[PDB]
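> Structure provided below as structure tokens; questions to follow.
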Amino acid sequence: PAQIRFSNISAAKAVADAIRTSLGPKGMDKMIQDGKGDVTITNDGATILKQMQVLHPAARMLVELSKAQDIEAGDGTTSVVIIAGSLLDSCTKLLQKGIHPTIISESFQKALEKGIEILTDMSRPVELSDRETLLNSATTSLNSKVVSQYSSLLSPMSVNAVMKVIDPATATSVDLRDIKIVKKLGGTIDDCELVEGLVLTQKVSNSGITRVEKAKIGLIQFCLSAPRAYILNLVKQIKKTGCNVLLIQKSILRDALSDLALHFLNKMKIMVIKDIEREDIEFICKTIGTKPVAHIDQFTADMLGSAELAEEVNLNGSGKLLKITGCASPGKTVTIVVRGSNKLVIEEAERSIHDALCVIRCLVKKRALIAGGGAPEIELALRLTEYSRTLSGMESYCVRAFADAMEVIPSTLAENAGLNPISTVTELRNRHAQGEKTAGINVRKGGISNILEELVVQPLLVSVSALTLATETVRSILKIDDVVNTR
Amino acid sequence: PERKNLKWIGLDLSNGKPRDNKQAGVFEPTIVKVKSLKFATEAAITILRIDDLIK
Amino acid sequence: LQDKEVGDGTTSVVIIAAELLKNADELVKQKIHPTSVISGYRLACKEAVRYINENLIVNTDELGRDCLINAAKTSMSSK
């Protein structure tokens with residue numbers, strides 16, 4: 001019971017301390033050639049955790065925390081591991097003092113909700129949509145990259161895309177669902193456009209007319225095959241109705257539209273694009289309103305999707321893209337048409353636009369903002385220590401044990417920035433106890449000061465979600481007391 | 001302060017003695033030296049950054 | 001990556017970097033964090049290039065020819 005709980009504690013603490021130095025922007029890169037040749041040179045600990053050979057349960061639950069924190073807010077991936085590992089390390093004192101893990105876990109729950117309610121009103125919240133502070137958070141996020149010169153190229157485009165559809169999803173917050181994204185290799189970085197409706201990037205090359213104002217859309221996933229019976233009837237149905245733009249899928253076989261049916265579908269010259277992407281197929285259907293139907297006898301008259309302008313148009317001079325407006329309910333995931341001749345200006349632009357998405361959905365699910373970089377952790381370690389002084393019973397140390405485990409985030413931020421960690425942490429505590437909350441460690445210049453002047457700030461829900469997930473998994477691993485193999 | 005023109009006294013690349021270079025014509029483009037110092041510092045910073053492994 | 005710029009200088013850009021590695025190891029063995037050594041190397045190089053650019057030479061003009069013909073002469077020494 002205790003001998004396996006201690007092994008869970010030690011394994012999760014060891015897998016948390018393997019990425020503990022990578023906290024902060026000065027977090028150094030790693031190299032683990034474990035497995036069969038992994039040259040793992042990266043300063044970000046999320047991809048380090050995704051390549052860690054993990055056999056222990058409690059070591060794998062923090063890898064689950066990493067992906068959970070990346071799903072909820074997209075930032076603070078190493079923080080939810082370091083907080084959890086320091087908490088589980090601090091559980092050993094409570095275990096050896098005599099407290100049962102149930103009391104430890106419920107006192108951590110009490111300390112968690114106390115820390116959430118302490119963080120939620122010590123913020124500097126935004127009052128409106130406040131597009132100026134969205135661009136301010138973009139300067140905190142979309143810059144310090146190679147898209148720093150593409151920051152004004154990319155931030156107000158997404159800001160205006162949320163301005164277009166302030167979409168009712170999780171209390172009118174930013175979903176992954178504003179206006180459908182595409183990306184095209186080649187072009188310049190300035191060749192991004194904000195669209196209204198469906199765009200296709202793939203190569204449709206029709207000499208005839210694909211430019212119909214009432215562009216009727218179907219999704220026939222029935223391609224052509226090789227034994228005339230189950231071959232031409234869908235094209236006869238096309239001649240019946242007149243769906244002039246239809247996205248082709250090769251779900252049946254490989255010869256998708258052979259010249260028998262291809263000239264039949266080039267006697268009116270339908271849009272032809274094959275091998276459509278499976279996760280975006282259902283979003284395309286949510287856009288259009290047609291039915292994703294492969295059975296050619298299930299093609300009905302109510303499968304006729306709507307489109308207004310459908311062209312194989314050379315957008316930006318040469319990009320033969322198929323843009324579509326005028327649908328049933330278009331708008332599937334926030335549009336940044338990533339064009340770039342270089343490859344790094346493709347991938348970093350799209351990755352930073354996803355970063356911008358995961359911070360603006362953080363900025364409006366919870367509409368507050370704090371000064372990041374070790375300041376709220378010191379604030380929690382002060383106020384929870386006072387609360388644990390007020391608290392009675394065996395929980396009175398555990399919340400205190402919750403407090404000191406909060407202190408690893410500034411200290412690592414003190415250590416990775418080269419400062420002497422313990423003295424700078426307690427000097428930060430002395431400054432905060434008589435001064436302000438926003439005092440912390442400016443890692444961007446390497447010095448302890450008021451961060452709200454030096455502008456290293458973060459939305460509140462990153463810290464709240466990281467504390468929630470870390471306390472949840474610490475609670476679970478404390479409650480875990482038995483394992484068994486051999487089913 | 002007056003002997004600012006004892007500055008380019010480099011090494012003889014053939015026989016190894018303290019010797020003039022501006023009068024001797026020993027020359028190298030400044031962009032070469034600047035870019036070599038830049039890339040050497042970048043290499044040193046990158047290999048010093050790979051530090052946090054017991055390996 | 002140095003080799004694609006000017007050609008030579010490869011052995012110098014290896015050797016100076018290796019000595020920076022060695023002296024940085026001697027520093028971080030004295031309880032110095034490598035963040036401080038990296039930022040010190042950065043500040044040292046940023047100051048050194050301004051030291052160089054204050055003390056460069058443009059004597060090789062169309063008027064600088066005796067130094068140029070002396071460069072030509074000393075480039076073929078002992079022949």
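Going by the structure tokens order, chains are called A, B, ..., each with residues numbered from 1, while ligands are numbered from 1 in the order shown.
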Report as JSON lines the residues of chain A within 6 Å of chain B, each with its shortest atom pair and distance in Å (one decimal), using only C-alpha atoms, ordered by chain and increasing residue number.

{"residue": "A:28", "atom": "CA", "partner": "B:49", "partner_atom": "CA", "distance": 5.5}
{"residue": "A:29", "atom": "CA", "partner": "B:50", "partner_atom": "CA", "distance": 5.5}
{"residue": "A:30", "atom": "CA", "partner": "B:50", "partner_atom": "CA", "distance": 5.8}
> Write out the residues from the selection above, keeping N, CA and C atoms, as a compact mmCIF listing (two decimals), in the first residue's frame.

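And here is the file that came out, again.txt:
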# COMPACT_ATOMS: atom_id res chain seq x y z
N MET A 28 16.69 25.42 -21.07
CA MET A 28 17.68 24.90 -21.99
C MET A 28 17.17 23.65 -22.71
N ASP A 29 17.77 23.36 -23.86
CA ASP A 29 17.34 22.22 -24.65
C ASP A 29 17.93 20.93 -24.10
N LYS A 30 17.35 19.82 -24.53
CA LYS A 30 17.71 18.51 -24.04
C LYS A 30 18.38 17.70 -25.14
> Taking only C-alpha atoms into account and nothing else, which residues of chain C lie no more than 8 Å away from chain A? Please answer as a PyMOL selection string.
chain C and resi 32-36
> Could you please determine the separation between atom CA of residue A:242 and atom CA of residue A:309 in Å, to one decimal place?
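Atom CA of residue A:309 lies at a distance of 16.0 Å from atom CA of residue A:242.
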> Set out as a Markdown table a contact list for chain B and chain C with a cut-off of 9 Å, giving each residue of chain B that qualifies its closest atom pair and distance in Å to one decimal, counting only C-alpha atoms, ordered by chain and rising residue number.

| residue | atom | partner | partner_atom | distance |
| --- | --- | --- | --- | --- |
| B:7 | CA | C:55 | CA | 8.8 |
| B:14 | CA | C:77 | CA | 8.5 |
| B:21 | CA | C:71 | CA | 9.0 |
| B:22 | CA | C:67 | CA | 7.1 |
| B:23 | CA | C:67 | CA | 5.7 |
| B:24 | CA | C:71 | CA | 6.0 |
| B:25 | CA | C:71 | CA | 3.8 |
| B:26 | CA | C:71 | CA | 6.3 |
| B:27 | CA | C:71 | CA | 8.0 |
| B:30 | CA | C:56 | CA | 7.4 |
| B:31 | CA | C:6 | CA | 8.7 |
| B:32 | CA | C:6 | CA | 6.3 |
| B:33 | CA | C:9 | CA | 8.1 |
| B:34 | CA | C:49 | CA | 6.5 |
| B:35 | CA | C:2 | CA | 7.7 |
| B:36 | CA | C:13 | CA | 5.6 |
| B:37 | CA | C:13 | CA | 7.0 |
| B:38 | CA | C:45 | CA | 7.2 |
| B:39 | CA | C:2 | CA | 6.6 |
| B:40 | CA | C:17 | CA | 4.8 |
| B:41 | CA | C:17 | CA | 6.4 |
| B:42 | CA | C:17 | CA | 8.4 |
| B:43 | CA | C:17 | CA | 6.3 |
| B:44 | CA | C:17 | CA | 5.2 |
| B:45 | CA | C:38 | CA | 5.6 |
| B:46 | CA | C:38 | CA | 9.0 |
| B:47 | CA | C:21 | CA | 7.5 |
| B:48 | CA | C:34 | CA | 6.8 |
| B:49 | CA | C:34 | CA | 7.3 |
| B:51 | CA | C:34 | CA | 8.2 |
> Between atom CA of residue A:106 and atom CA of residue A:81, what is the distance in Å, rounded to a tenth?
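Going from atom CA of residue A:106 over to atom CA of residue A:81 covers 20.0 Å.
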> Enter the distance from atom CA of residue A:249 to atom CA of residue A:347, in Å, rounded to one decimal.
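The value is 26.9 Å.
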> I need the residues of chain C that end up classed as helix (DSSP H, G or I) by DSSP on the backbone, written out as a PyMOL selection string.
chain C and resi 3-6+10-28+34-54+66-74
> Applying 8 Å and only C-alpha atoms, which residues near residue A:218 remain after dropping the ones on its own chain fewer than 4 positions away? List them as a list in words.
residues 243, 245, 246, 247, 290, 291, 292, 303, 304 and 305 of chain A
> Using the selection just defined, write its residues with C-alpha atoms as a JSON list (two decimals), in the first residue's frame.

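And here is the file that came out, out-v2.json:
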[["chain", "number", "residue", "atom", "x", "y", "z"],
["A", 243, "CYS", "CA", -24.32, 19.42, -59.24],
["A", 245, "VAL", "CA", -19.00, 21.38, -58.16],
["A", 246, "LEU", "CA", -18.56, 18.02, -56.42],
["A", 247, "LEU", "CA", -15.63, 16.99, -54.25],
["A", 290, "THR", "CA", -24.87, 18.22, -48.60],
["A", 291, "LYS", "CA", -24.71, 14.67, -47.48],
["A", 292, "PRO", "CA", -21.43, 12.67, -47.33],
["A", 303, "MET", "CA", -28.47, 16.48, -51.03],
["A", 304, "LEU", "CA", -27.99, 19.65, -53.11],
["A", 305, "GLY", "CA", -25.56, 21.84, -51.21]]
> Between A:393, A:187, A:372, A:410, single out the one closest to residue A:346, counting only C-alpha atoms.
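Ranking A:393, A:187, A:372, A:410 by distance to residue A:346, first place goes to A:187.
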